[PDB]
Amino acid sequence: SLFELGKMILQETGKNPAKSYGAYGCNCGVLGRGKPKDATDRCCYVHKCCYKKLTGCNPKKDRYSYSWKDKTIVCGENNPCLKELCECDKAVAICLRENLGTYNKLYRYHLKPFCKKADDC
């Protein structure tokens, strides 16, 4: 759920997730996907495509278990859909950390209606 996703983002990037990633570019936050603005935005694009493959669980509401081990996110067994969801969330947090160097505050609170259409997943 959003609780685990936000926690993972905080753990990997060190940033308040809502402020930095709650609405960034065309893909981070609500309102689905759009042509990404930069690498950070592309992380969220991939993340949203990852969510589409999920079958049998709700990525927003369903909580799942994971551990912080050797400073790595380790997804619990959970069940197949929840493990897959956990893995989607883990990947986006890692991707956001790797791209922190080009994070641009101008894309914070980017008006998502002014995004071109995303390609299909």
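Start at 1 with the first residue shown and count on from there. Heads up, when I say rigid core I mean the largest set of C-alphas that superpose within 1.5 Å between the two forms.
- Looking at 88 to 96 and 74 to 82, the one farther from the shown form in 4 other deposited structures of this protein by average CA distance, after a rigid core fit, turns out to be 74 to 82.
- Comparing 53 to 61 with 40 to 48, the stretch with the higher mean C-alpha B-factor in the PDB entry is 53 to 61.
- For the two regions 107 to 115 and 93 to 101, the entry's Cα B-factors average higher over 107 to 115.
- When the C-alpha B-factors of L31, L82, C88, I73 are read from the PDB record, the largest value belongs to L31.
- In the deposited entry, the Cα temperature factor of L5 places it in the lowest third of its chain's modelled residues.
- Placement of the Cα temperature factor of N27 within the chain: middle third of the modelled residues, per the deposited record.
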